[PDB]
A.B. asks: 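Can you read through this structure? Questions will come right after.
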Amino acid sequence: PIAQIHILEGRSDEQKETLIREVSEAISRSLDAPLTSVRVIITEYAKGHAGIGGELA
Amino acid sequence: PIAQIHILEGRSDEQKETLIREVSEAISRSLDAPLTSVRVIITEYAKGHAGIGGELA
Amino acid sequence: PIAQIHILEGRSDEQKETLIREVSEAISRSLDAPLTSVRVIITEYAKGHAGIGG
Amino acid sequence: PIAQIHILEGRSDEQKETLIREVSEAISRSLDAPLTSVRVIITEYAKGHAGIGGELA
Amino acid sequence: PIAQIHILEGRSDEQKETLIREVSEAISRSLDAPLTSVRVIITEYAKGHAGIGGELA
Amino acid sequence: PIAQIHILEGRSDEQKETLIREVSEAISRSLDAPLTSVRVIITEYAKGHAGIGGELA
């Protein structure tokens with residue numbers, strides 16, 4: 001299983017590594033899939049690259 | 001935050017509902033963002049649409 | 001420019017055709033890019049495949 | 001509704017802000033969906049990262 | 001490496017198996033990366049879900 | 001056809017140009033599609049943005 005996670009930039013390396021672990025575990029638990037088979041890639045977005053309702057976040 | 005989860009098909013409806021909640025939950029925790037801001041979309045793949053070594057799965 | 005639009009299923013052929021038209025125009029106009037260079041792909045999601053906050 | 005938009009780098013913030021807004025409205029009108037439910041994320045690509053026909057764009 | 005390939009529907013299983021192999025080999029060869037580390041996932045699009053210039057392809 | 005290729009950062013422009021071409025050739029070859037219709041976009045990921053099993057690379 002492969003997860004692409006789109007988040008706004010500004011988080012620390014530690015916060016994002018925690019994100020990777022917990023999401024991977026969340027994926028593994030929900031599916032009864034081996035944790036080792038879980039892949040996560042993070043994509044960050046600058047504020048001028050993210051919209052909610054036609055307006056920037 | 002937006003999470004795209006790519007999985008092989010064949011798993012049950014409830015697992016995918018659990019997947020959505022817990023991934024949503026894990027992201028909210030890791031980033032301390034409101035759950036309402038978290039969106040999860042699942043894409044399933046038939047065996048002929050997935051490769052790992054140039055070979056199907 | 002490439003736009004991938006993720007939507008919940010249930011929309012009409014006309015709405016999704018209109019979506020392609022209007023999004024393409026918006027991209028071309030906003031960026032001053034040639035319309036012919038704009039590609040849009042639509043992906044539908046059954047409700048059980050799309051989630052908000054749980 | 002979620003729109004991921006891939007564009008070549010080199011545009012100004014104002015153009016990309018117009019892009020997010022104008023695209024979001026277009027999605028809202030076309031689908032009869034609430035504007036606030038429309039999400040747009042922009043990804044920029046350097047010239048060496050985009051190909052059209054095996055050749056860089 | 002992860003490759004998402006978006007194509008119009010209508011191809012045979014065998015063509016798409018070839019797609020997975022040939023692309024995976026190309027990724028492995030171009031990058032000098034182990035073939036086993038290369039993942040390919042295919043997404044198909046009906047003609048009404050794909051546009052080239054605001055018009056269906 | 002549209003190919004998004006996710007790779008770890010650190011490669012030179014020349015290798016990634018080779019990646020784009022060979023992947024483009026493989027796609028055209030596999031599907032019997034005109035090369036000019038093949039689009040490839042590369043997205044790079046820093047080491048802290050990629051996880052395999054809850055852990056970084």
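The figures here come from the full heavy-atom set of this structure, side chains too, leaving out hydrogens, waters and symmetry mates. Protein chains get the first letters and strands the later ones, always in sequence-line order, with residue 1 at the start of each.
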A.B. asks: To the nearest 0.5 Å, tell me how far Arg39(B) CZ sits from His6(C) NE2.
C.D. replies: 12.5 Å
A.B. asks: Which atom pair, heavy atoms only, marks the closest approach of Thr36(B) to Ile52(C)?
C.D. replies: O-CG2, 3.7 Å
A.B. asks: Out of curiosity, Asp13(B) CG to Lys47(C) NZ, how far, rounded to the nearest 0.5 Å?
C.D. replies: 10.5 Å
A.B. asks: Report, as yes or no, whether the 6.0 Å neighbourhood of atom CD on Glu44(C) holds more than 12 heavy atoms from other residues, nucleotides or ligands.
C.D. replies: yes
A.B. asks: Name the region of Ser28(B), side chain, backbone, both or neither, that has any atom closer than 4.5 Å to a heavy atom of chain C.
C.D. replies: neither
A.B. asks: Please report the closest heavy-atom contact between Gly48(C) and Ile42(B), naming both atoms and the distance.
C.D. replies: O-CD1, 4.3 Å
